[PDB]
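Q: task: produce atomic coordinates for the following.
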Amino acid sequence: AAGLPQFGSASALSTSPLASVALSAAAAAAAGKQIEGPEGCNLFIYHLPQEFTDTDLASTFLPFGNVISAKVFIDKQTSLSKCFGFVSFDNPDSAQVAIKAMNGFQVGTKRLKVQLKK
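A: Numbering: from 1, shown residues only. See the structure here:
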């Protein structure tokens, strides 16, 4: 071939008669919301297990314009539920107000620690 391939997009992987394929686990990096923006309105919270998603916090504070959310799940093996989420606000002080004035994870009995950083 000419040696000119097209990249940038993930293509489908078909199976082959070769059989015997090595399976490996991968940790995708998806951000609860829109791409990154101007920092200064960001918040780091840590209260709940892996079930804590970044999208919930972003949505709540959303006046917090450019919304970039990520999450950090923590469990020793499978049975430990303690964890934190990361959020990144890129907007006027309004996003800042979202962070100081608002906790980020409520569970029937849990409250997330919202630590503000501008």
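Q: wasn't residue 68 part of a strand?
A: Yes. If the criterion is DSSP: H, G, I helix; E, B strand; the rest coil, then residue 68 is within a strand.
Q: that one reaches residue 86, doesn't it?
A: No. Between residue 68 and residue 86 there is no contact under Cβ atoms under 8 Å: 9.3 Å. For every residue, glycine as well, the C-beta is placed using N, CA and C.
Q: between the two, which is the more surrounded one?
A: Per other Cβ atoms under 10 Å, whichever of residue 68 and residue 86 has more neighbours is residue 68, with 21 against 18.
Q: please tell me how far the closest residue to that one other than its chain neighbours sits from residue 19.
A: Leaving out its chain neighbours, the residue that sits closest to residue 68 by Cβ to Cβ, 6 or more residues apart in numbering is residue 88, at 4.1 Å. Distance, residue 88 to residue 19, by Cβ to Cβ, to the nearest Å: 45 Å.
Q: between those two, which has more neighbouring residues?
A: Set residue 88 next to residue 19 and count neighbours by other Cβ under 10 Å: residue 88 wins out with 27 against 6.
Q: which is the next helix or strand following the helix or strand where that one lies?
A: Per DSSP states H and E, residue 88 falls inside strand 84-90. Downstream of strand 84-90, the next assigned helix or strand under DSSP H and E is helix 93-101.
Q: could you list the buried residues of that following helix?
A: Across helix 93-101, burial judged by 16 or more other Cβ atoms under 10 Å covers 95-99.
Q: which residues of the protein fall in strands?
A: Using DSSP state E, the strands of the chain run over 42-46, 66-72, 84-90, 106-107, 110-111, 114-117.
Q: other SSEs contacting the second one?
A: Translated: strand 66-72. Contact here means 3 or more Cβ pairs under 8 Å, 6 or more residues apart in numbering; DSSP states H and E; on that basis strand 66-72 packs against helix 54-61, strand 84-90.
Q: what's in contact with it?
A: 29, 31-38, 46, 52-55, 57-58, 83-91 (Cβ atoms under 8 Å, 6 or more residues apart in numbering).
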